[PDB]
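As structure tokens, the structure follows; a few thoughts come after it.
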Amino acid sequence: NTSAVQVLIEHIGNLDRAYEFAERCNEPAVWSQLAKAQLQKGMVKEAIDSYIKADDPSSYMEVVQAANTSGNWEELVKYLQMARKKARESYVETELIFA
């Protein structure tokens with residue numbers, strides 16, 4: 001299961017595919033680096049950020065802050081649920097606060 005997931009890559013997947021082989025795995029990997037690549041290459045995040053959280057990424061800072069203005073609340077508020085969690089200093093919690 002350490003691959004059936006990250007498969008959501010560029011020349012590796014795309015759209016109604018990337019999130020088609022993620023419900024089978026639990027487990028997985030690449031959550032902070034996948035949000036930076038899936039957010040700068042084709043609109044997805046709303047999808048690639050609503051079927052993974054999986055610990056990381058809480059703030060700081062890029063995806064974290066990003067998700068809030070648009071219009072990602074309902075999942076946004078949950079994205080922090082893990083924040084103060086295996087996590088609790090400034091720039092990261094003062095960020096949760098800020099956030």
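Following the order of the structure tokens, chains are lettered A, B, ..., residues in each are numbered from 1, and ligands are numbered from 1.
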Within 12 Å of residue 33 in chain A, counting only C-alpha atoms, which residues show up once you throw out same-chain ones fewer than 3 positions away? Write them as a PyMOL selection string, please.
chain A and resi 6+8-9+29-30+36-40+48-49+56-57+62-63
Resulting file, chosen residues, N, CA and C atoms, as a PDB file, in the first residue's frame:
ATOM      1  N   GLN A   6       0.321   7.221  -3.639  1.00  0.00           N
ATOM      2  CA  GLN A   6       1.102   8.299  -4.239  1.00  0.00           C
ATOM      3  C   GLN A   6       0.938   8.303  -5.762  1.00  0.00           C
ATOM      4  N   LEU A   8      -1.126   9.186  -7.418  1.00  0.00           N
ATOM      5  CA  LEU A   8      -1.735  10.420  -7.825  1.00  0.00           C
ATOM      6  C   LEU A   8      -0.457  11.237  -8.035  1.00  0.00           C
ATOM      7  N   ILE A   9       0.143  11.041  -9.219  1.00  0.00           N
ATOM      8  CA  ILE A   9       1.227  11.897  -9.693  1.00  0.00           C
ATOM      9  C   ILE A   9       0.840  12.418 -11.095  1.00  0.00           C
ATOM     10  N   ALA A  29       1.231   7.498   2.373  1.00  0.00           N
ATOM     11  CA  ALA A  29       2.377   8.403   2.398  1.00  0.00           C
ATOM     12  C   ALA A  29       2.152   9.613   1.495  1.00  0.00           C
ATOM     13  N   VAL A  30       3.105  10.536   1.499  1.00  0.00           N
ATOM     14  CA  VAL A  30       3.039  11.760   0.657  1.00  0.00           C
ATOM     15  C   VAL A  30       1.910  12.802   0.687  1.00  0.00           C
ATOM     16  N   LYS A  36       1.362  20.288  -2.429  1.00  0.00           N
ATOM     17  CA  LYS A  36       2.115  21.378  -3.048  1.00  0.00           C
ATOM     18  C   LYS A  36       2.229  21.185  -4.559  1.00  0.00           C
ATOM     19  N   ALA A  37       2.193  19.929  -4.995  1.00  0.00           N
ATOM     20  CA  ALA A  37       2.289  19.609  -6.416  1.00  0.00           C
ATOM     21  C   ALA A  37       0.907  19.531  -7.058  1.00  0.00           C
ATOM     22  N   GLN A  38      -0.086  19.117  -6.274  1.00  0.00           N
ATOM     23  CA  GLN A  38      -1.456  19.003  -6.766  1.00  0.00           C
ATOM     24  C   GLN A  38      -2.198  20.331  -6.641  1.00  0.00           C
ATOM     25  N   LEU A  39      -1.525  21.331  -6.079  1.00  0.00           N
ATOM     26  CA  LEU A  39      -2.120  22.652  -5.903  1.00  0.00           C
ATOM     27  C   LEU A  39      -1.523  23.661  -6.884  1.00  0.00           C
ATOM     28  N   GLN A  40      -0.382  23.309  -7.471  1.00  0.00           N
ATOM     29  CA  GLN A  40       0.289  24.183  -8.430  1.00  0.00           C
ATOM     30  C   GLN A  40       0.172  23.640  -9.851  1.00  0.00           C
ATOM     31  N   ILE A  48      -8.001  16.633  -3.605  1.00  0.00           N
ATOM     32  CA  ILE A  48      -6.798  16.025  -3.045  1.00  0.00           C
ATOM     33  C   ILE A  48      -6.578  16.468  -1.599  1.00  0.00           C
ATOM     34  N   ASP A  49      -7.431  17.373  -1.125  1.00  0.00           N
ATOM     35  CA  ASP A  49      -7.331  17.876   0.244  1.00  0.00           C
ATOM     36  C   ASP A  49      -8.584  17.534   1.050  1.00  0.00           C
ATOM     37  N   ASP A  56      -0.271  15.835   8.973  1.00  0.00           N
ATOM     38  CA  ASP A  56       0.470  16.710   8.003  1.00  0.00           C
ATOM     39  C   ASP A  56      -0.662  16.662   6.960  1.00  0.00           C
ATOM     40  N   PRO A  57      -0.847  17.816   6.259  1.00  0.00           N
ATOM     41  CA  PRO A  57      -0.238  19.077   6.777  1.00  0.00           C
ATOM     42  C   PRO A  57      -0.696  20.127   7.774  1.00  0.00           C
ATOM     43  N   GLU A  62       1.727  26.870   3.906  1.00  0.00           N
ATOM     44  CA  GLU A  62       1.211  27.013   2.518  1.00  0.00           C
ATOM     45  C   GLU A  62      -0.186  26.554   2.100  1.00  0.00           C
ATOM     46  N   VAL A  63      -0.390  25.236   2.185  1.00  0.00           N
ATOM     47  CA  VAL A  63      -1.714  24.630   2.024  1.00  0.00           C
ATOM     48  C   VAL A  63      -2.637  25.074   3.177  1.00  0.00           C
TER      49      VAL A  63
END
If you count only C-alpha atoms, which residues fall within 10 Å of range 77-90 of chain A, apart from same-chain ones fewer than 4 positions away, as a count of residues only?
20
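DSSP annotation of chain A from backbone atoms: alpha helix (DSSP H) residues are residues 34, 35, 36, 37, 62, 63, 64, 65, 66, 76, 77, 78, 79, 80, 81, 94, 95, 96, 97 and 98 of chain A.
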Residues from last step as file, N, CA, C and O atoms, as a PDB file, in the first residue's frame:
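Output file out_19.pdb follows:
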ATOM      1  N   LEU A  34       2.384  16.236  -1.712  1.00  0.00           N
ATOM      2  CA  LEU A  34       1.370  15.999  -2.733  1.00  0.00           C
ATOM      3  C   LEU A  34       0.417  17.187  -2.851  1.00  0.00           C
ATOM      4  O   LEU A  34      -0.153  17.437  -3.916  1.00  0.00           O
ATOM      5  N   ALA A  35       0.252  17.917  -1.753  1.00  0.00           N
ATOM      6  CA  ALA A  35      -0.628  19.082  -1.736  1.00  0.00           C
ATOM      7  C   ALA A  35       0.031  20.283  -2.410  1.00  0.00           C
ATOM      8  O   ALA A  35      -0.651  21.184  -2.903  1.00  0.00           O
ATOM      9  N   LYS A  36       1.362  20.288  -2.429  1.00  0.00           N
ATOM     10  CA  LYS A  36       2.115  21.378  -3.048  1.00  0.00           C
ATOM     11  C   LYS A  36       2.229  21.185  -4.559  1.00  0.00           C
ATOM     12  O   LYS A  36       2.343  22.154  -5.312  1.00  0.00           O
ATOM     13  N   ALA A  37       2.193  19.929  -4.995  1.00  0.00           N
ATOM     14  CA  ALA A  37       2.289  19.609  -6.416  1.00  0.00           C
ATOM     15  C   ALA A  37       0.907  19.531  -7.058  1.00  0.00           C
ATOM     16  O   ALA A  37       0.743  19.846  -8.240  1.00  0.00           O
ATOM     17  N   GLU A  62       1.727  26.870   3.906  1.00  0.00           N
ATOM     18  CA  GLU A  62       1.211  27.013   2.518  1.00  0.00           C
ATOM     19  C   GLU A  62      -0.186  26.554   2.100  1.00  0.00           C
ATOM     20  O   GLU A  62      -1.000  27.343   1.632  1.00  0.00           O
ATOM     21  N   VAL A  63      -0.390  25.236   2.185  1.00  0.00           N
ATOM     22  CA  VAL A  63      -1.714  24.630   2.024  1.00  0.00           C
ATOM     23  C   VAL A  63      -2.637  25.074   3.177  1.00  0.00           C
ATOM     24  O   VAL A  63      -3.768  25.496   2.937  1.00  0.00           O
ATOM     25  N   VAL A  64      -2.146  24.977   4.411  1.00  0.00           N
ATOM     26  CA  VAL A  64      -2.929  25.364   5.581  1.00  0.00           C
ATOM     27  C   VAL A  64      -3.645  26.696   5.357  1.00  0.00           C
ATOM     28  O   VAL A  64      -4.868  26.731   5.205  1.00  0.00           O
ATOM     29  N   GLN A  65      -2.879  27.783   5.332  1.00  0.00           N
ATOM     30  CA  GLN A  65      -3.442  29.115   5.132  1.00  0.00           C
ATOM     31  C   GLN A  65      -4.296  29.169   3.867  1.00  0.00           C
ATOM     32  O   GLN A  65      -5.426  29.660   3.891  1.00  0.00           O
ATOM     33  N   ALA A  66      -3.745  28.675   2.761  1.00  0.00           N
ATOM     34  CA  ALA A  66      -4.457  28.676   1.485  1.00  0.00           C
ATOM     35  C   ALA A  66      -5.910  28.248   1.661  1.00  0.00           C
ATOM     36  O   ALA A  66      -6.827  28.953   1.233  1.00  0.00           O
ATOM     37  N   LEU A  76     -11.708  22.610   6.314  1.00  0.00           N
ATOM     38  CA  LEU A  76     -10.675  23.474   6.877  1.00  0.00           C
ATOM     39  C   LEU A  76     -10.622  23.353   8.399  1.00  0.00           C
ATOM     40  O   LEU A  76      -9.555  23.122   8.975  1.00  0.00           O
ATOM     41  N   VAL A  77     -11.775  23.505   9.044  1.00  0.00           N
ATOM     42  CA  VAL A  77     -11.859  23.410  10.499  1.00  0.00           C
ATOM     43  C   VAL A  77     -11.354  22.055  10.990  1.00  0.00           C
ATOM     44  O   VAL A  77     -10.785  21.951  12.079  1.00  0.00           O
ATOM     45  N   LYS A  78     -11.563  21.019  10.179  1.00  0.00           N
ATOM     46  CA  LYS A  78     -11.122  19.673  10.528  1.00  0.00           C
ATOM     47  C   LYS A  78      -9.615  19.521  10.331  1.00  0.00           C
ATOM     48  O   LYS A  78      -8.958  18.775  11.064  1.00  0.00           O
ATOM     49  N   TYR A  79      -9.075  20.234   9.345  1.00  0.00           N
ATOM     50  CA  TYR A  79      -7.646  20.180   9.056  1.00  0.00           C
ATOM     51  C   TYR A  79      -6.822  20.558  10.286  1.00  0.00           C
ATOM     52  O   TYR A  79      -5.671  20.135  10.428  1.00  0.00           O
ATOM     53  N   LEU A  80      -7.418  21.351  11.174  1.00  0.00           N
ATOM     54  CA  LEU A  80      -6.738  21.782  12.392  1.00  0.00           C
ATOM     55  C   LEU A  80      -6.921  20.760  13.516  1.00  0.00           C
ATOM     56  O   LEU A  80      -6.070  20.635  14.396  1.00  0.00           O
ATOM     57  N   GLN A  81      -8.034  20.031  13.477  1.00  0.00           N
ATOM     58  CA  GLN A  81      -8.323  19.019  14.491  1.00  0.00           C
ATOM     59  C   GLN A  81      -7.071  18.219  14.845  1.00  0.00           C
ATOM     60  O   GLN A  81      -6.889  17.809  15.994  1.00  0.00           O
ATOM     61  N   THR A  94       0.745  28.828  17.221  1.00  0.00           N
ATOM     62  CA  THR A  94       0.438  30.266  17.145  1.00  0.00           C
ATOM     63  C   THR A  94      -0.123  30.441  15.743  1.00  0.00           C
ATOM     64  O   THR A  94      -0.773  31.441  15.439  1.00  0.00           O
ATOM     65  N   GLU A  95       0.135  29.448  14.897  1.00  0.00           N
ATOM     66  CA  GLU A  95      -0.374  29.458  13.535  1.00  0.00           C
ATOM     67  C   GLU A  95      -1.788  28.904  13.575  1.00  0.00           C
ATOM     68  O   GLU A  95      -2.667  29.397  12.873  1.00  0.00           O
ATOM     69  N   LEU A  96      -2.009  27.881  14.396  1.00  0.00           N
ATOM     70  CA  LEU A  96      -3.349  27.328  14.525  1.00  0.00           C
ATOM     71  C   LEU A  96      -4.208  28.475  15.032  1.00  0.00           C
ATOM     72  O   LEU A  96      -5.306  28.708  14.538  1.00  0.00           O
ATOM     73  N   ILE A  97      -3.687  29.188  16.026  1.00  0.00           N
ATOM     74  CA  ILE A  97      -4.380  30.336  16.598  1.00  0.00           C
ATOM     75  C   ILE A  97      -4.663  31.305  15.455  1.00  0.00           C
ATOM     76  O   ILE A  97      -5.817  31.582  15.129  1.00  0.00           O
ATOM     77  N   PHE A  98      -3.591  31.814  14.853  1.00  0.00           N
ATOM     78  CA  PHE A  98      -3.683  32.743  13.728  1.00  0.00           C
ATOM     79  C   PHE A  98      -4.720  32.197  12.748  1.00  0.00           C
ATOM     80  O   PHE A  98      -5.686  32.880  12.396  1.00  0.00           O
TER      81      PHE A  98
END
For a test of reading the model, state the distance in Å between CA of residue 27 in chain A and CA of residue 1 in chain A, rounded to one decimal.
6.5 Å
CA of residue 26 in chain A to CA of residue 7 in chain A, distance in Å rounded to a single decimal:
13.8 Å
Report, in Å with one decimal, the straight-line distance from CA of residue 21 in chain A to CA of residue 61 in chain A.
27.4 Å
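With distances restricted to only C-alpha atoms, A:52 is the closest residue to residue 31 in chain A from A:16, A:44, A:11, A:52.
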